[PDB]
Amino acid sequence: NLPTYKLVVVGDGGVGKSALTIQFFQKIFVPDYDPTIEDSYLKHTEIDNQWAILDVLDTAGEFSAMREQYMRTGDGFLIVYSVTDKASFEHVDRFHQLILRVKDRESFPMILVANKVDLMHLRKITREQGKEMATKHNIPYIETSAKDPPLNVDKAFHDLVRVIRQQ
């Protein structure tokens, strides 16, 4: 019987949650994916030569029953922001407190994902900024890009699973 890791992809709208999720599950880049669907994805994944089932909810939207459950029984979270969106970085703390509130814990597995690093000519959030925010929350930091050709999409999800397994 394989373990099932339930993960939640959270972040402001337009940071690339859907694109990163589609790139991880379907291995294609879908630009301008409709911003409103909040769906979940399920597939068998091999991480560190150990197979597992990944139940990932791509968040969107007020209140949602599906979002509510996945936040409660989730095992790990992906706090995603866009390096071109300063407000998406400003809400990293807000998303950090919501997870710790929903889970009612002082620390829970999460990784800080800085998306859209392919747009270097439009980058507003720096690597030192993301590293400092990650160091403050004591969580891993990684830079991703869902646009073709992708960068670190699998590693972002795999590193969260590694954090879950190490606890």
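Numbering starts at 1 and follows the sequence shown. Definition used throughout: the rigid core is the maximal C-alpha set that superposes within 1.5 Å between two forms.
- Greater C-alpha displacement in 5 other deposited structures of this protein (rigid core superposition, RMS over structures and residues), of 92-100 versus 70-78: 70-78.
- Structural divergence in 5 other deposited structures of this protein between 42-50 and 132-140: following superposition by the core, 42-50 has C-alpha atoms lying farther from the shown form.
- The deposited sequence places no unmodelled residues between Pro35 and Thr36, so the chain runs continuously there.
- Stretch comparison (108-116 versus 65-73) by mean CA B-factor in the PDB entry places 65-73 on top.
- The PDB entry gives the largest Cα B-factor of the residues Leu122, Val102, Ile142, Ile47 to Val102.
- Compared with the other modelled residues of the chain, the Cα B-factor recorded for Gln26 ranks in the lowest third.
- In this PDB entry, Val80 carries a Cα temperature factor that places it within the lowest third of its chain's modelled residues.
- When the CA B factors of the chain's modelled residues are split into thirds, the value for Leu2 lands in the highest one.
- Split the chain's modelled residues into thirds by C-alpha temperature factor. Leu98 is in the highest one.
- Sort the chain's modelled residues by C-alpha temperature factor and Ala52 lands in the lowest third, per the entry.
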